[PDB]
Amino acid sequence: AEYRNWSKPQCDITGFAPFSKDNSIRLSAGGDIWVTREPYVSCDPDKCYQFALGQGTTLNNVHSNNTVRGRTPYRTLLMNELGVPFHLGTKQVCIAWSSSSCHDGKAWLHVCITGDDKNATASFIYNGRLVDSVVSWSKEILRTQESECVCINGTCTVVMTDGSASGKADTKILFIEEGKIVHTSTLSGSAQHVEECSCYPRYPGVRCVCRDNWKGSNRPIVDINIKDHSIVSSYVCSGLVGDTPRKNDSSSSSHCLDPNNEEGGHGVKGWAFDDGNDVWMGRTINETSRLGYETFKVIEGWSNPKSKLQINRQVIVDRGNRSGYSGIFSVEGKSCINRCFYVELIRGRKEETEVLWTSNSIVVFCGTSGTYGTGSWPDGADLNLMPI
């Protein structure tokens, strides 16, 4: 077994093809399925896994009341092969209400944060054993990616944040080798608020498209040099913006250096990646709610902050149906590196009051250089008929 270095060019991409769907909420009306949220996907050299943060409870269960709450001591990072729903034989790989995982070519790394809001601990679990940990540095909800980290030649990188949800905060980027934190760089550059980065290998470095919860409905970019540990940052230029909330298609604008100040407060986890000067991105369909999900290529959208010219739109989830978090993962092909993404499909409280719980299922697509059609793949559970 060798270390991955992702030392191949990015595949041609013309759009995305369907890859996986777990139907978790529909199955939970007739079986024992975990309540989850904040799911993500990552793969070893042979095959993909789905992760999510459980709630220490199944759906048809009295302990699913009040599961809208994000941080409890019962929350654990769940791990199955992709397309195995989170049944009772699912492995909890650590204690976590915020997490990140990745495989370096030899073994798995997980970064798992739990404990008090004002004094959380991050544990670093590698090849099936604890190897390091850090405390919260700013004592305000230490939190990480909720998607995969990236590893090159044995060095893995992970973005972490501690501090305000609506003001300046303290973002750091960790470099980790066989579970050991070997370096800590601090966030530098134009990015003013950074959370829940979706990162990908872009040899010889790593790149991340994050969420700005403060003043931006445009999305922060973070660039990580894995050899000298240097960091630069900025925003996704595209006139069509990735966050939710945001302004509409006509009213919106963006900027390659600063946040845009356009209904910037709050946000959602999302993704984007470069293809020459064009940008591939996904976002919720609805501008102010987590309803629907779409992807498109914005022509000249990676370098020109005026560009509003999209092409190759696909509806993933129609605008009448719930979506949520989304993020990227990368898959090594024969000659190239592919990009794929997953979409969290949130159901229940507080937006849906027919049930006392909050949970999600997932749908997953992958880059293709071939051709594709249209459809819509929502959660599809009927909450009027769920547990009593």
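Counting begins at 1, following the sequence as shown.
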Which of the two stretches, 3 to 11 or 379 to 387, shows the higher mean Cα temperature factor in the record?
379 to 387
Identify the stretch, either 114 to 122 or 243 to 251, whose C-alpha atoms have the larger mean B-factor according to the entry.
243 to 251
Per the entry, which of 94, 199, 130, 257 tops the list for Cα B factor?
257
Which one of 209, 102, 176, 298 shows the biggest C-alpha B-factor in the PDB entry?
298
Please say which third, lowest, middle or highest, residue 62 falls into when its CA temperature factor is compared across its chain.
middle
Would you check the entry's CA temperature factor for residue 320 and let me know if it's in the chain's lowest, middle or highest third?
highest
Comparing residue 86 with the other modelled residues of its chain, is its CA B-factor in the lowest, middle or highest third?
lowest
Among the modelled residues of its chain, the C-alpha B-factor of residue 48 falls in the third labelled lowest
Would you mind ranking residue 227 by its C-alpha B-factor against the rest of the chain and naming the third, lowest, middle or highest?
highest
